[PDB]
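Student: First the structure, which I've put down as structure tokens, then a few questions once you've had a look.
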Amino acid sequence: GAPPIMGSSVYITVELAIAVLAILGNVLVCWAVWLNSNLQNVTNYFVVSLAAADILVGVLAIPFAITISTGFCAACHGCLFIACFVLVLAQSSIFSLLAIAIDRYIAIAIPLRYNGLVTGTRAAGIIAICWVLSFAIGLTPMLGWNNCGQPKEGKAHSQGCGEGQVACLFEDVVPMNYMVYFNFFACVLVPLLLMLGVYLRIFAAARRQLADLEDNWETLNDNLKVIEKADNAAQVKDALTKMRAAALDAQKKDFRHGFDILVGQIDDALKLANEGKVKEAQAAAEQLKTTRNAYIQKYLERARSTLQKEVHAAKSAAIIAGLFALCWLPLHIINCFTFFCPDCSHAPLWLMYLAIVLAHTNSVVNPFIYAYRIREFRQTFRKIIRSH
Ligand SMILES: Nc1nc(NCCCN2CCN(c3ccccc3)CC2)nc2nc(-c3ccco3)nn12
Ligand SMILES: CC(C)CCC[C@@H](C)[C@H]1CC[C@H]2[C@@H]3CC=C4C[C@@H](O)CC[C@]4(C)[C@H]3CC[C@]12C
Ligand SMILES: CC(C)CCC[C@@H](C)[C@H]1CC[C@H]2[C@@H]3CC=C4C[C@@H](O)CC[C@]4(C)[C@H]3CC[C@]12C
Ligand SMILES: CC(C)CCC[C@@H](C)[C@H]1CC[C@H]2[C@@H]3CC=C4C[C@@H](O)CC[C@]4(C)[C@H]3CC[C@]12C
Ligand SMILES: CC(C)CCC[C@@H](C)[C@H]1CC[C@H]2[C@@H]3CC=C4C[C@@H](O)CC[C@]4(C)[C@H]3CC[C@]12C
Ligand SMILES: CCCCCCCC/C=C/CCCCCCCC(=O)OC[C@@H](O)CO
Ligand SMILES: CCCCCCCC/C=C\CCCCCCCC(=O)O
Ligand SMILES: CCCCCCCC/C=C\CCCCCCCC(=O)O
Ligand code: NA
């Protein structure tokens, strides 16, 4: 039985190193959004709320974690607060991650009404509501779902605790059924599975919209060939009607002028076709190639470029949500083994604190993901660092 202070010193030192990195990195995130108006959108307001939660992990949750690892004597309800405040920050992170995913689905599924529906004022109201709900969820043990009514009196007496005090240990005061059923299953696992469903819908919507862009482009060029090798006016008419319906379908200033020319030129050739002038209709339809090269192809390439940037931005946000799951799941899974298998030996002490440190490391990783995957953040980070 090596002296407890030795293994404790390693744990505390690692925790302090994580606290400094979580504060520095996420302060840089908040500083960047404050300074750059190009980073000031609804999506990044939830990013800032997520960074504030990670800042508080280093300022409060990690000092709280170091304190409870000592098992110090404390009034049980004060011990409860130290033990549960990290659950508030974790729940806030979940709400921010879910809001980011929903925000990106709205942008890709209904971009015409995104700016009218998703505003900064409504976003700030959602952020406040989610923080209130995070305190209620994370501090639910302080409402009565705790073990303070059944204190470990032998442990308190051996540590010399005073009357009404307990040895402040996490699994002594926080019920494991709350941690597994309420916190993990209901409040962590279900929202993460919802985020998964949202991102699946995002990428499915992106793939469908890109295919529709390419299908209208192919339909335009195929029907042009049909008109060129038609032998009667009725065949030219058939191809032109399909081109006109697709042109209006692809339309839903230089963008508008290009489609205004295209639809008008289609109506010109259609009128010649209805008069039975095949050669004259085919020559009029040949003018469409000038409009296609000068206007339509540029919109196709820009619409494609915008969708691919939305896919890339959604992938970056999904990586953030996935890294949250990877960092928090081991600790939750260990609680499941403790709760569901009382015949299994408890996970060893070194593995408990490895899982605790790993969960805390999640508060360090998000600034690196933004810096490596988002150019606007990376450039703003460099300006802040260089100029300071
Ligand atoms: N489960 C849990 N524990 C702690 N801290 C106490 C660890 C040391 N114990 C010391 C006494 N035991 C022990 C006894 C013999 C051998 C090994 C261990 C249990 C662990 N902190 C937490 N945080 C979240 C958590 C937060 C969010 C999701 O899960 N679970 N958790
Ligand atoms: C704005 C920020 C900096 C304020 C932070 C306040 C924190 C540090 C305070 C608020 C409530 C406090 C707890 C209230 C009750 C108890 C029970 C006592 O038997 C031991 C200390 C303990 C567990 C306190 C520890 C410190 C504590 C968590
Ligand atoms: C900005 C918002 C979250 C305000 C923060 C205030 C919180 C952190 C403070 C304010 C008053 C504090 C409480 C005051 C008294 C007690 C009684 C003690 O037996 C257990 C701790 C407990 C329950 C404290 C826990 C922390 C506490 C709830
Ligand atoms: C989230 C991804 C990376 C999966 C992580 C799997 C981890 C959390 C799993 C894999 C194997 C598991 C261990 C396998 C066996 C035992 C022995 C039992 O007496 C207590 C739990 C304990 C010690 C498990 C704890 C959790 C564990 C370490
Ligand atoms: C997000 C995805 C990975 C789903 C989460 C999977 C979790 C809920 C699964 C993975 C492995 C599972 C554990 C595997 C083995 C045992 C031992 C058994 O005696 C009691 C249940 C218990 C402890 C399981 C509980 C649930 C469990 C922890
Ligand atoms: C123990 C005490 C600890 C205190 C806990 C504090 C928890 C609450 C913290 C919340 C941080 C929220 C910051 C999030 C800020 C988001 C940006 C915003 O909302 O403004 C943009 C829009 O307004 C545009 O119109
Ligand atoms: C930027 C503000 C950050 C706050 C710095 C606080 C750092 C100190 C970390 C942990 C303090 C833990 C004290 C341990 C409890 C006493 C031990 C015992 O009573 O047995
Ligand atoms: C963990 C317990 C959860 C508590 C369940 C019910 C509490 C929250 C209820 C409603 C939140 C909705 C807030 C709506 C505010 C109105 C905004 C407006 O005026 O436009
Ligand atoms: Na977090």
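Per the entry's author numbering, the sequence shown runs over residues -1 to 208, 1001 to 1042, 1059 to 1106, 219 to 306. Ideal Cβ positions, reconstructed from N, Cα and C, are used throughout, including at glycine.
(1) Using 10 angstroms around the beta-carbon of residue 26, count the other beta-carbons present and answer buried if the total reaches 16, otherwise exposed.
(2) If you measure from the CB of residue 128, is any heavy atom of ligand 4 nearer than 6 Å?
(3) Give me the residue from 299, 233, 305 and 1081 with the minimum Cα distance to residue 37.
(4) Tell me the rounded alpha-carbon separation between residue 130 and residue 124.
(5) Within the same chain, show all residues whose beta-carbon is closer than 6 Å to that of residue 1067, passing over the 5 residues directly before and after it, in chain order.
(6) Closest to residue 128 by CA distance: which of 93, 119, 157 and 101 is it?
(7) Tell me which residues share the same chain as residue 1003 and place their Cβ nearer than 7 Å to its Cβ, disregarding the 5 neighbours each side in the sequence.
(8) Report yes if the C-beta of residue 134 is less than 6 Å from at least one heavy atom of ligand 8; otherwise report no.
(9) What did DSSP end up calling residue 17 once you bin it into helix, strand or coil?
(10) Between residue 99 and residue 232, what straight-line distance do the alpha-carbon atoms span, to the nearest angstrom?
(11) CA-CA distance, residue 204 and residue 1?
(12) Which residues in the same chain as residue 241 place their Cβ atom closer than 6 Å to its Cβ, once the five residues preceding and following it in sequence are excluded?
(13) Using a threshold of 6 Å, is the CB atom of residue 162 nearer than that to any non-hydrogen atom of ligand 3?
(14) Going by DSSP, what residue range makes up the alpha helix (DSSP H) through residue 1071?
(15) If the criterion is Cβ atoms closer than 7 Å, does the pair residue 276 and residue 254 meet it?
(16) Does the stretch 135 to 151 come close enough to the stretch 176 to 191 to have 3 or more Cβ pairs within less than 8 Å?
(17) Among all residues, which have a Cβ less than 6 Å from at least one non-hydrogen atom of ligand 3, and in what chain order do they fall?
(18) Within 10 angstroms of its Cβ, does residue 270 collect 16 or more other Cβ (buried), or is it exposed?
(19) Excluding the 5 residues flanking residue 1063 on each side, which residues of the same chain have their C-beta closer than 8 Å to its C-beta?
(20) So, does the stretch 151 to 171 touch the stretch 56 to 75, judging by three or more C-beta pairs under 8 Å?
(21) Have a look at 295, 196, 107 and 1005 and flag the residue whose alpha-carbon is nearest the alpha-carbon of residue 225.
Tutor: By the coordinates alone:
(1) buried
(2) no
(3) 299
(4) 10 Å
(5) 1097
(6) 93
(7) 1106, 221 and 222
(8) yes
(9) helix
(10) 8 Å
(11) 58 Å
(12) 283
(13) no
(14) 1060 to 1080
(15) no
(16) yes
(17) 73, 75, 76 and 79
(18) buried
(19) 1101
(20) yes
(21) 107
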